Structure formats: structure tokens, C-alpha cells
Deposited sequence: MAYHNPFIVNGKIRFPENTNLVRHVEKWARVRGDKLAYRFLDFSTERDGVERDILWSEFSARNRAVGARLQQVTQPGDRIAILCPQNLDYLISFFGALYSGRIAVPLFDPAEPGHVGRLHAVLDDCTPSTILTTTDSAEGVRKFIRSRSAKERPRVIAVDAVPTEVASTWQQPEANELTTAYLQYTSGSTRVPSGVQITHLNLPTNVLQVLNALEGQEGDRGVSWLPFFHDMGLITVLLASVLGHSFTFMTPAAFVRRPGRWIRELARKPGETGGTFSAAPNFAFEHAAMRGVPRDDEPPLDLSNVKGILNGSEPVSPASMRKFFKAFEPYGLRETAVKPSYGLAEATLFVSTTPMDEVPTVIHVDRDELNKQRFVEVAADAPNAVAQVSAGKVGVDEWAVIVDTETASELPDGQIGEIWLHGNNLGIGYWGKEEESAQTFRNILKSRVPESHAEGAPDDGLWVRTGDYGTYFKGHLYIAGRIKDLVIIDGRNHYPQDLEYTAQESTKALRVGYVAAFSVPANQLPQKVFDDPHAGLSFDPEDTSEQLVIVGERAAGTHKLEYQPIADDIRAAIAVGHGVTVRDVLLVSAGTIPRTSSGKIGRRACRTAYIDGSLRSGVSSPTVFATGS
């Protein structure tokens, strides 16, 4: 493989490098070629193709950019309250073209409050949207104070001719804010082209390849995936998240080889989507032939990878030509722009099993899958070019040996420079020194006195692979002992056919804050004590399809028994709720914190991704 900007395992960018200059290049040399295609399934079930060429795309970007340069101040934040479509990307790029700070968000007409919180946090001067969504955005804004009702610009209403007045706008300055109290990661103009190149390098993307996505643009995985188009001038075809949730086969269809297509396709998705597409994305017998032999890589990340959903997904689409080397477990986060590691392209996913007891003690000890206390661990592959991941003992700020679990710390030009307006949090997360290394350091090549970024994730290196144990703050600590929630959740899943796959939440609540319902239940084994504050294990799970008539107690008993025998901890409460009731993040992950909150205030007992 070869890339001009990569020489001897190092990214070599020309000076004054940013995504804006990259798009302008393709507008000149690949002008008449497809840049982005929006598959619109709003009215037509078959989908309406909305295309824009690199030439057209550049002109729109320069038109919006010029308009922003005329009515905004340098350093202003430009909020993008837009539905998923071409004008969203024109808004995002338009903001970048202007030299101002972009803030990719969502349409208020589709949380409205979360949107208020972010606006409070970064106080944008201007909001970019479409004509059709304009009135709804205005309606949202007038419910805000008069302090500044940020001006609203319908980007599609900005004439292309305005581009003539555009002025070309530094690497270390913030290009945009990536919001995940809300936190906005400051992504610089160097971060953006750096990380997409790291992706392109790991994918080994050829010239005739193309990309497909349904991920929401307001999510880091959704934004960077489609921004990947700017690296090599590849086309990318996208749809809305809603379109995928209702008809997952659309994703599969768009991935499949079109007539005459000799190149390969690339995509990305969270774990739950592999579960969804495996069950509902298989084409019906009355549908046309489906050829997935062109699919090169479908990256699987943003949440713990299920070996079961991975197996089901591959088995389901194998008869249509999907190679076992197509699905790629990957790791990343917003602080690193997006991409940190992925499974090598010529390899099938690596799955191992480790001892649970050792695992809760921050140790990897490999065991057979048949072993009674084995926990599956899916490798996240190799770290990208010119970035580094190390496993660190947070108390000593020192590198740990392979097989021992510590916090993953990161270094590289794709890593952000802070959280917007958060001095203390920024310092703690982004200003760290690696005090000691091991003899065969995974930091080798990184500057000894360079700053490292704390991910908040436990991980380890094992036999050449990076593993993501879990998220530190999501640990379930009971009686001075550690439990990984996805481990508990999997045991709870597999103990019964009554739980919906991927819709179980394990967390702890202090005893005094447990609801009276728990104490009424003799299976709970607890008596109310107003000053007992010890953490108690709670499991919340959605009922599987067609199981609404199944009785509660055998389900709760099975879960409780399995967790007791497998993890040596007692579940105090099992709460079975209807499908879609468990809180979910903006990208579709399970929100354990919101679920925990919703459990305590009793809202639980009484999102696009439905």
C-alpha cells in the first residue's frame, strides 16, 4: 500500500493543511464526479437519489462560507441544527470554509433540552439549517432568552453566486466542537485531516472504492465516516438513521455490488446494528439478487462487540458473498477525533476468552471457551499510524506490562486539545505525562515528555492485540469488588430467552435509594435502612419479541441465579420494561446513567432508534 502523505510510517502533511483545502482539490481534479449521495426514503420506499458533484459541493461550501464571513465574527461558533441530508454537510463544510468554529448538532423538531444545554455551553452566534426546518428552529430559539437569539440561516437559500466573495481562511486552532452537563471536544484543523488519513491508511482504500453510511452526522462516528470522502475523493452514499432502523436491508442493499462495480465498499456501525441487520436485514425471496462479495470492510465500534451478533451477522450474509474478513472490530472515541484502532483488513476478527475472576482483578488469563467462568474478549486490532495507545496504572502514571489492565492513554495528532470552556476537565483529560515505560513500550516512537490523553477506558495489550475491557465510570462496584457491566449483562442475557438482545443494563444503586418495590420483594433479600448506602446491583432489561405474556418471576429467578453462580454477586432487583423504554444515547447506545436515574425517580417503571 502507498499514500503520498505517509512516508516511513509517518504522516507528512504539506504546511497549512486542513479539510477545506482537500475538498477544493477534488473540486478541481475530480469536479464532475459524485461527492455525496443522499438516499432519501422519506416519501419513496425505494429511495430517491439526491446527488452532488465535487464542483457543485465546493460552490455551495464557498457560498455558505462567504455568507458566514459577512455576518459572523472570527471565532464564532456556528451551530448546525439540520436534519440528515446534503445541506447538513454543506452547513458543516460551509462553517469550516468560513474559518469559524462548526458545531454539528441536530433538528429540534426531532431531545429538545439537550440541544438547549449545548447552546448554553458554546453560545453560538449563528445557526445553520434548511428552509423547511427553518421555522421549527426559530420556534426552538425564541423559547431561549433575548440575550442573543442566534441568527438563523437556511443554507439552501444562500445563492451559489455568493461563493465569488469567499475568502480562503491555522492547524492548531479549533475546527469544530464535537459534543458527545454536555462536553464539547475541541477538534483542530490538524486533527481532522490527520484522523481520516489514519482511517484511509488502515482500510487500504483504493481509487475505485466507495463508502456507505447511515450513522447520524451529529455523532463522531457518523461525521468522520462521511468526511472520509475528502481524503481520496471517494464518493459516499448515506441515508438517515431512521431509514436504517425501519429497514436495515437498505444498508445491506447499498453496500452490495451494483452492476459493473469492480471496486469495494466501506462502512461503519455500532454493535447493536449488526444485531439489527442480522435479524431484519436479510433480503426477502422476492427481492433481486444480492452480491456482498464487494464489501471490503464494515467497521464495528463505539460499544462492546458481541461475538454472538458478529457470528449471526456474518452467517446471515455469508450466502450473499460476504467475506469473513469484512466485519472489523474497532476502537475509538471523540477525544481522538474518532479512529484509534481496527482489525487488520486481511484478518478475521480475533476473539479470545479470559478468566472472569482474574479479569475483575485487572488481569488477562486466557482460557478455553468451554470454561465455566470464561468471559469473551474481542480484539480491537492495531493502533493507527502516527498515534499511540498505552496501558497505564493511573496512580503511578506508568506503563503496565502486556496482559495487565489499566487506563488507555493516547498520543497523536488526531487528538483534541480540550473540552470547550472546561479548564479543569481539559487539564485532567488532556495534560498527562507518561512517567515510566516498560522495556518493550507501546509508546515507542512517541516523545518521552509529550502530553497524553486519558480515555476513561480500561484496556490491555495481549499477544499483539489491543483489547477494550470497558469504561471505568461504568464499573459496577459491589462490596469492594469489580464487575464489568457488559459481563453481567451478557450473563443476564444468556440466562433467559425473555431478554431482548443488547437491551439489558447493569448498574448499582445505594441501598437507601432503592424503591419500596424492591423491599416488598422477598427475593431481593433486603430490608429498608435509611442510612445503608452500600451499592446494590440492579438489572434493567427489555422484554424480547413476543414474550410479553411470559411471567416475571421465573425470568427474574433465572437472571438472579446465573449472576449469583457466575459472578458471586446478588441482584437486588430485576426490572422488566417494554421495548424502547430503556434510555438510549443520541447514537443508539444504552444509556446506563440515564437508565439508573430513570430507575431511581420511578419514571422507568411508569429516540429515533425505535
{"query": "Gaps in the model (deposited sequence, numbered from 1)", "finding": "1-2, 113-114, 174-175, 187-191, 618-622, 627-629"}
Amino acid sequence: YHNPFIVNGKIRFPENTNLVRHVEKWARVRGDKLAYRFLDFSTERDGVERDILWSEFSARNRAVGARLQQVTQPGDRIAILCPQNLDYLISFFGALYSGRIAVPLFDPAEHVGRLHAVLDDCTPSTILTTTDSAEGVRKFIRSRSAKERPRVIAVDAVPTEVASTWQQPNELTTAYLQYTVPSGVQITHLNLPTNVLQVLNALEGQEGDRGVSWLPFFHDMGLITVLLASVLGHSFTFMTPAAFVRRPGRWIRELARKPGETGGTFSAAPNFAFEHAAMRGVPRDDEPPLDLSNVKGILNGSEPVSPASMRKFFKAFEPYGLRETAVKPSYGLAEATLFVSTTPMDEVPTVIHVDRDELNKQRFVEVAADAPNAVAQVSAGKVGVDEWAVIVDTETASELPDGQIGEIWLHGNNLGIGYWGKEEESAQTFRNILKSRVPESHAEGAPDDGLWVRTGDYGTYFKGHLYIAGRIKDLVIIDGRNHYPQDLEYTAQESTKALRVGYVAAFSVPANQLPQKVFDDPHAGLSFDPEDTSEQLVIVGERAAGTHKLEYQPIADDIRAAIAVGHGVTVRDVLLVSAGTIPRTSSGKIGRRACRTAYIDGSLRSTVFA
From here on, numbers count along this sequence of modelled residues.
property: Residue range whose averaged C-alpha B-factor is higher in the record, 117-125 or 137-145; result: 137-145
property: Between 449-457 and 253-261 (mean CA B-factor, as deposited), the higher; result: 253-261
property: Deposited CA B-factor, highest of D487, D87, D393, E494; result: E494
property: Peak C-alpha temperature factor (PDB record), options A544, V577, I52, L68; result: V577
property: Among modelled residues of the same chain, the CA temperature factor third for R62; result: lowest
property: Third assignment of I11 from its chain's C-alpha B-factors; result: highest
property: CA B-factor placement of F519, once the chain's modelled residues are sorted into thirds; result: highest
property: Chain third (lowest, middle, highest) by recorded CA B-factor, residue given as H276; result: middle
property: Within-chain third of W166 by Cα B-factor, per the entry; result: highest
